[PDB]
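Written out below as structure tokens is the structure these notes cover.
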Amino acid sequence: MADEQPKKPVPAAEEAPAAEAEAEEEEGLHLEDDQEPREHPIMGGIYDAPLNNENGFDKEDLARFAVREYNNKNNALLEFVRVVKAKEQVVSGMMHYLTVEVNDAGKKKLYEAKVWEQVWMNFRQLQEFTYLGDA
């Protein structure tokens with residue numbers, strides 16, 4: 001595989017957004033109590049990732065979570081439409097590399113997002129967010 005960031009350190013998280021409303025929004029599933037909770041991914045190399053919770057709710061929560069996670073820190077304010085790729089990774093816990101389609105003022109494209117979550121540390125956040133061409 002290309003091996004982008006399968007083995008490397010991670011930045012420092014902070015929190016999620018809340019203020020500054022948006023304009024439009026995709027149409028898929030409705031969240032609960034706002035925010036976008038995470039899921040419990042399983043081990044696996046850069047390929048193994050059937051995503052049992054691919055019903056839409058889980059994938060949406062993660063996709064929006066990662067996007068908003070890197071979009072709230074400072075990046076622009078875009079909106080994801082849905083996930084197009086899913087991969088699993090093991091590093092000091094459980095890392096999930098999933099790619100989703102994002103839109104911004106009409107600009108549609110496909111961006112990859114890698115989230116990390118441990119079990120002994122009880123922590124989860126976004127590591128990196130790459131912007132690809134289009135799905």
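Identifiers for the structure tokens are assigned positionally: chains receive A, B, ... in sequence, residues are indexed from 1 per chain, and ligands are indexed from 1 in the order shown.
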
### Message
Need to verify the contact set: residue A:9, 12 Å, only C-alpha atoms, exclusion of same-chain residues closer than 6 positions in sequence. Can you return it as number ranges by chain?
### Response
A: 91-92, 95, 116, 127-128

### Query
What's the 10 Å shell around residue A:39, counting only C-alpha atoms, without same-chain residues fewer than 3 positions away, as an MDAnalysis selection string?
chainID A and resid 36 42 53 58:59 61:62 96 117 124

Keeping N, CA and C atoms for every residue in the selection just given, could you write it to a file as a CSV table (one decimal), in the first residue's frame?
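See again-v6.csv below for the written result:
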```
chain,number,residue,atom,x,y,z
A,36,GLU,N,-21.3,14.6,17.3
A,36,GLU,CA,-21.1,13.4,16.5
A,36,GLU,C,-20.3,12.3,17.2
A,42,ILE,N,-12.2,-2.0,14.7
A,42,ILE,CA,-11.5,-3.2,15.0
A,42,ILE,C,-10.1,-3.2,14.4
A,53,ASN,N,-20.9,-1.3,11.2
A,53,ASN,CA,-21.9,-0.2,11.4
A,53,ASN,C,-21.9,0.7,10.2
A,58,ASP,N,-23.7,5.5,12.1
A,58,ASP,CA,-22.3,5.4,12.6
A,58,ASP,C,-21.3,6.1,11.6
A,59,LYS,N,-21.4,5.7,10.4
A,59,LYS,CA,-20.5,6.3,9.4
A,59,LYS,C,-20.6,7.8,9.3
A,61,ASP,N,-21.8,9.8,11.7
A,61,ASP,CA,-21.2,10.4,13.0
A,61,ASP,C,-19.7,10.6,12.9
A,62,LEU,N,-19.1,9.5,12.5
A,62,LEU,CA,-17.6,9.5,12.4
A,62,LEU,C,-17.1,10.5,11.3
A,96,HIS,N,-8.9,4.5,12.9
A,96,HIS,CA,-9.7,4.2,11.7
A,96,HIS,C,-9.5,5.3,10.6
A,117,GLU,N,-8.4,6.2,18.5
A,117,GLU,CA,-9.2,5.9,19.7
A,117,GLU,C,-8.5,4.8,20.5
A,124,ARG,N,-10.2,9.7,22.3
A,124,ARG,CA,-10.5,9.6,20.8
A,124,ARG,C,-10.5,11.0,20.2
```

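The shortest atom-to-atom distance to residue A:106, with only C-alpha atoms taken into account, belongs to A:80 out of A:80, A:123, A:70, A:47.
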
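Proximity ranking of A:105, A:121, A:2, A:67 relative to residue A:23 places A:105 first, based on only C-alpha atoms.
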
### Query
So, counting only C-alpha atoms, which residue among A:78, A:49, A:102, A:10 is closest to residue A:135?
A:102

### Message
DSSP on the backbone: which residues in chain A end up as strand (DSSP E or B)? Give the answer as JSON, numbers by chain.
### Response
{"A": [79, 80, 81, 82, 83, 84, 85, 86, 87, 88, 89, 94, 95, 96, 97, 98, 99, 100, 101, 102, 103, 104, 107, 108, 109, 110, 111, 112, 113, 114, 115, 116, 117, 124, 125, 126, 127, 128, 129, 130, 131]}

### Query
Of the residues A:34, A:48, A:131, A:87, which is the one nearest to residue A:18, using only C-alpha atoms?
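For residue A:18, the nearest of the candidates is A:34.
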
### Residue among A:55, A:99, A:72, A:130 lying closest to residue A:15, counting only C-alpha atoms
A:72
